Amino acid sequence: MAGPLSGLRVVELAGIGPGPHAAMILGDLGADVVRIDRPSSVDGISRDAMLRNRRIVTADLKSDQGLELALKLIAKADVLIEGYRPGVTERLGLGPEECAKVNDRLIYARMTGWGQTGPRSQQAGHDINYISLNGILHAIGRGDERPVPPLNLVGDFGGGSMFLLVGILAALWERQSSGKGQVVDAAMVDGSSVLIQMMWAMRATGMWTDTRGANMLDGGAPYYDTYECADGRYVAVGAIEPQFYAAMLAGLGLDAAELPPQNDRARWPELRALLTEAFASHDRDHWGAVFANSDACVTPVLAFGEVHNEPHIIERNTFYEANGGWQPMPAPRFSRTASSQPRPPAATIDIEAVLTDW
């Protein structure tokens, strides 16, 4: 099995969102990932590409046999991932204390939104709820409108799965000294708060307000925002540093003498009006030619369906095909122990066959 996590053995109690995204990445990087679903949802070969790099097995964990088979896998594994409400694994007999009795090397990885304790710990939720409570959602979107969710990117994945992964891998490093596993408590409300540490830093020093649409990186700066072009498509401008901004103005045909200063915020209305009219006078792909190879920090805003035609995407193999759709290749990349292309979701397997193999 290819990649730097070759050898690593992972048990995943089937959930939704961050739990499987984490499991996928471990898979992506060479880990041996075994997913226990419930047969209650059996079916044929899954069409969810997030379940790549897996072996799937069914097992009614509510039964005595289910529980014991599961506990044999955990016994022989390095990592467990579960993303159910607190108390679910305990009451199933798969809690941390029950796992520590059959394998004190286990990394016990607990993926939730609200955490293991506190008032909201039994409330159902999704990404949008977790980022609503810690200031993040409020900061996303235009100033003249209600906040808009950044898909489920910030809570489920950036602040969720990815902190789970770091916790797992940090704990595997720990286990090299101590010879013991431990419990990783990854809460989306905490992880996403560390994801936005920069804004908490800038806020402390007067450089970020709570006003939506009025900061350097939320769309309030005319030099860090998207612009509509003549064809109704969009470019992104990220020309923060004055040298890059100067390069952008030159490409737009605007002389600096005629514009307000780049960071005179009181005249950002004028500046935006000027840049807006300039970008609107040619089409996205024009701006794409003008600015390729430039430090102007102007890029086309591509839709998913167009990404496969972008030279830089094609050449670094950021994507692969698998069943009428592109999918991202593992990240990050490794010089000596390279990941390989993901294997598609495999038809189910017998939980015994797996214990054998292991």
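The first residue of the shown sequence is 1; numbering continues from there.
*Asks:* Checking the other entries of this protein that model its neighbours, is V42 missing in at least a third?
*Replies:* Yes, left without coordinates in at least a third.
*Asks:* Compare the mean C-alpha B-factor of 293 to 301 with that of 26 to 34 as given in the PDB entry, and name the stretch with the higher value.
*Replies:* So the stretch with the higher mean C-alpha B-factor is 26 to 34.
*Asks:* Per the entry, where is the mean C-alpha temperature factor higher: 156 to 164 or 103 to 111?
*Replies:* Mean CA B-factor is higher for 103 to 111.
*Asks:* Sort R120, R233, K76, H138 by C-alpha B-factor from the entry and give me just the highest.
*Replies:* That would be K76, according to the entry.
*Asks:* Among the choices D225, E174, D283, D185, identify the one whose CA B-factor in the record is greatest.
*Replies:* Within the set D225, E174, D283, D185, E174 shows the top C-alpha B-factor.
*Asks:* Quick one: classify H312 as lowest, middle or highest third of the chain based on its Cα B-factor.
*Replies:* Ranked within chain, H312 CA B lands in the lowest tercile.
*Asks:* Is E98 in the lowest, middle or highest third of its chain when residues are ranked by C-alpha B-factor?
*Replies:* It falls in the top third of the chain.
*Asks:* Check where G181 lands among this chain's C-alpha B-factors and tell me if it's the lowest, middle or highest third.
*Replies:* Answer is highest: the recorded C-alpha B-factor places it there.
*Asks:* Could you tell me which third, lowest, middle or highest, the C-alpha B-factor of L71 occupies within its chain?
*Replies:* Its C-alpha B-factor belongs to the highest third of this chain's values.
*Asks:* Report the third (lowest, middle or highest) to which the CA temperature factor of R91 belongs, ranking only the modelled residues of the same chain.
*Replies:* Highest third.
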